[PDB]
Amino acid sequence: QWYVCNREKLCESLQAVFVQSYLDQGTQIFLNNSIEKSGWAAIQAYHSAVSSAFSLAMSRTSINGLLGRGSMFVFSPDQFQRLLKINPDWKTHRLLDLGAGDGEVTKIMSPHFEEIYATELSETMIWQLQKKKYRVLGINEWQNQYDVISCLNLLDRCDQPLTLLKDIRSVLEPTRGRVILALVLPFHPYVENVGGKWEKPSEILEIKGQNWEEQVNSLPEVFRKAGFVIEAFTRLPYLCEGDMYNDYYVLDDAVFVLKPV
């Protein structure tokens, strides 16, 4: 199963605030729609065609964001609000989704915030983030106050992760404002580039272990090196729209809710 974690191997700090997640409704919508689109033969062939012709002149991310394809799923609205421990009509002023992809994972968060900001490298992904009427900021413009800051599967796709986490604490509202973070495990970071080639990150984030279990036990050491404690955390399937050979694609996530301490 995608949701079980060996609780016995977890460190007691994390056992205390481990939220248990499951294949809820919202996850099923996504899976269903990922099976529906992976039946549209004409679409699945035009995605296959565009990407293969342009694969050596754009990054996959940019190609995925040119077609509106490869949309991904992290948490249902219900899952999201339970992790945060809030009400379905709860609301605040500012969200920030850093490296937001196509905004679909940002959409599921949007009804809880009045204003929405996001950053991104891919300029076709900036386009779709702007098609949703979000406010886009530069990679270094958002660190000049945000009520919630989102950093979902970016710490393994960016060059300066520790700077990011210290930058996040810089502009996060302190009294109540929380951050939500996701991280594919086992850890394997790289800086994607055009043509499938990639750069290695500049800063190194120390993730001990060979397993989801031991690896998350190494992150409390890290979240306070930038100024956060884990208020809650769960395990989710990092779902992605399939193609023509598979109806969807899964990866092993770990999502955290963080307070400034």
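Residue numbers here begin at 1 and follow the sequence given.
Student: According to the PDB entry, how many deposited residues between residue 144 and residue 145 are absent from the model (none, 1 to 3, 4 to 9, 10 or more)?
Tutor: Going from residue 144 to residue 145, the model skips 1 to 3 residues of the deposited sequence.
Student: Higher average CA B factor in the deposited record is what I'm after, so tell me if that's 86 to 94 or 126 to 134.
Tutor: Comparing averages over the C-alpha atoms only gives 86 to 94.
Student: Hey, which bit's got the bigger mean C-alpha B factor in the entry, 201 to 209 or 54 to 62?
Tutor: For C-alpha atoms only, the mean B-factor is higher in 201 to 209.
Student: Between 28, 48, 34, 193, which one tops the list for C-alpha B-factor in the PDB entry?
Tutor: Of the options given, 193 has the highest CA B-factor in the PDB entry.
Student: Using only the C-alpha B-factors in the record, can you name which of 74, 184, 180, 171 has the highest?
Tutor: Highest C-alpha B-factor among the listed residues goes to 171.
Student: Give the position of residue 18 by CA B-factor within its chain, expressed as the lowest, middle or highest third.
Tutor: For residue 18, whose C-alpha B-factor we compare with every modelled residue in the chain, the answer is the middle third.
Student: Ordered by C-alpha B-factor within the chain, which third holds residue 244? Give me lowest, middle or highest, please.
Tutor: Highest third of the chain for residue 244's C-alpha B-factor.
Student: Is residue 215 in the lowest, middle or highest third of its chain when residues are ranked by C-alpha B-factor?
Tutor: Residue 215: CA B-factor falls in the highest third of its chain.
Student: Sort the modelled residues of this chain by their C-alpha B factor and say whether residue 235 lands in the lowest, middle or highest third.
Tutor: As the PDB entry reports it, the C-alpha B-factor of residue 235 lands in the middle third of its chain.
Student: Going by the recorded CA B-factors, say which third of the chain residue 10 sits in, lowest, middle or highest.
Tutor: It falls in the top third of the chain.
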